[PDB]
Structure formats: structure tokens, C-alpha cells
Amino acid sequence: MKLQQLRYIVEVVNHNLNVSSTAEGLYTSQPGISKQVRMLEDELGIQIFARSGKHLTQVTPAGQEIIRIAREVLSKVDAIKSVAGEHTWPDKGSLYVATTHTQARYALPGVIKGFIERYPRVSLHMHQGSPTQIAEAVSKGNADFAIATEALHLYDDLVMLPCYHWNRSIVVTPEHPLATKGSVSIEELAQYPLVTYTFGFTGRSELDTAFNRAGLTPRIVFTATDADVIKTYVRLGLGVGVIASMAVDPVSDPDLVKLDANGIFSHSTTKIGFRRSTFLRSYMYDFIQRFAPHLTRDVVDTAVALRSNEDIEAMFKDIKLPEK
């Protein structure tokens, strides 16, 4: 059987079993349609249409099942023609970034807007987590780059490019002693229980440094991996949150009070990192540059070319980067 035979038997039913009438619709003759039908009835071995002399009187019970299915065939044929083009698929390559929740939320939905306009068929996948995790993803090859925020010693064995410098903040509820205060000392901060990052205190961080030169041990009551959680816990108890400054601003967090700790802890440096051996696709260079405007392709090449991260440190040394 052929598609054409199927069209014909569905059209003959559309046009009242008026075989003459059918043919006008479809630019052919009565002994043409009539021939293809009689052929199919012979192939299948059963009559689709009961017949009084020459006139067709009605569709047979077998007839009716067959026409019903033939309508489906036709429906599915048209469906084939309707299939979307290859343009509708994100199959031109994919970018896997490992970073933090703050990196993903704040720095990045102005960059990612910009990147998806430039590359509509390139899929993007943001992994989250601790520094340990962000590092493991790149080196195990389950992510192409890390945007690293701290504990940069774990991204030894990658290539690491400076993006910007960042500073932490003491966030408290509006009710809190600290909320209306000429700044805050390290000793004042060691007084209240701390809500910080899981990896906030490790033994070697900027938080451990500050508490260790002052001889204070801090009381840690709650920790979590992402700032959102920390802020959210800071609607509960005399606890004092320490998080990145760029993870709280007064527009979107008015139940909350950002206070300076730049005196108290040293700055951290966000870097974008990847494996020596990684082919840098066009969209890889575009992402790097959007996120951090000074890392153009010429700049990224100059740095991959150097012997190690020691030298890359010597490259940027006297370059002033943004604070965020």
C-alpha cells in the first residue's frame, strides 16, 4: 500500500462517497481513485466500501477501522513535515562551570543574560559547592572552569586568572546591638555566636588568621555552604553572620543589616581557573571576558603561555582589579 491510496479513501469519505466529486478536489479522474481503492481492497482482501451496482453506499465495519487508522497515518505524516529544524536544538557545544551560589546569583545573571544572546545554541551548566568541590569538578573533568572565591591552594594544578577582589561583611538583624554601632572590633565579634560558611574556618583561611592573631577562639553555632542559607538563618537568635559583602545589599535584604569588616579580615580574590590541557572554545573565551573584562583572548593566551601560576602572579602583580 502507498500513502496516495490512503489519502484517497479518506477523501472519498470527506466527499459523501461521491467519487466523481472527490476527484475534482484532488486534480485527477474517477477511474483513477476508483482503481487505487480497488487495488487496496484486493491487497487487504476485504471491502472498505459496500457497493450497490456502481454507487458506493457506506463504509463497511472493517472499512471503518481501516479509515480510522488511515486518518492517523496522514496526521503523523504532516507531523513529520512540522518537525522543528536543527536550529531549535542546543547542540553547538556546552559549558560546564563550577562556582558558588553567590557567584552564580550576583556576579553572573548580568553576564549569563549577555552570553545566551551571543550563543543561543550553547547549553550552560552551573555546578555549586564548597572549594573542595569546585576544585574536584575541574580536575576530574566534570566542569571546564572553576570560578574560585577562596582557598585558592586547592586550585593548584589549574591555570588561575584573577577576576576581582572581595571582602566579607558582618550581617545582623535590625534589632541587633551591632546594628547601630561605630563599626565593630574582632573582640566585639568573638563575643556573639557566629553563623558563617561550612568552610569558613578550616585552619588556614582569612577567618582563622584574624581570630588567631587576636588569640580569640570563636563560637560557631551554625554553618552552611551558600550565603542564602546563612542570611536566612540570621532571622533567629543573637547569632552574627559573616559572609561576602556582595551577597547582601539593602534593596533586596531589608530585614538585614550589612556592617563593615574590612578592618577585621584581609581581602579574598575570585579567580577563573581551568586545566592547562583544555581546548578553549570560542564561547569559553567569551564567558571569561564577560565575567571579567580585562581577560580578553590575548590576555588569557599570554597567561596560559607562562611556566606556572607563580609567573601569572608576577604578570598581574601591579594590575589593580575591581573590588566587589
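Numbers for residues come from their place in the sequence shown, where the first is 1.
Higher mean CA B-factor, judged across 255-263 and 45-53 from the recorded values: 255-263. Relative to one another, 204-212 and 146-154 have unequal mean CA B-factors, and 204-212 is the one with the higher figure. Each of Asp226, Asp91, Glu72, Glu187 has a CA temperature factor in the record; the biggest one is found at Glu187. Comparing the C-alpha B-factors of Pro174, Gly129, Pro162, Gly241 in the entry, the top value falls on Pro174.
In the PDB entry, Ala305 places in the middle third of its chain by CA B-factor. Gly32 sits in the highest third of its chain by CA B factor, as recorded in the PDB entry. Per-chain ranking of the deposited C-alpha B factor places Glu136 in the middle third. Ranked by C-alpha B-factor against the other modelled residues of its chain, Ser183 falls in the highest third. When the modelled residues of the chain are ordered by their C-alpha B factor, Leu194 lands in the middle third.
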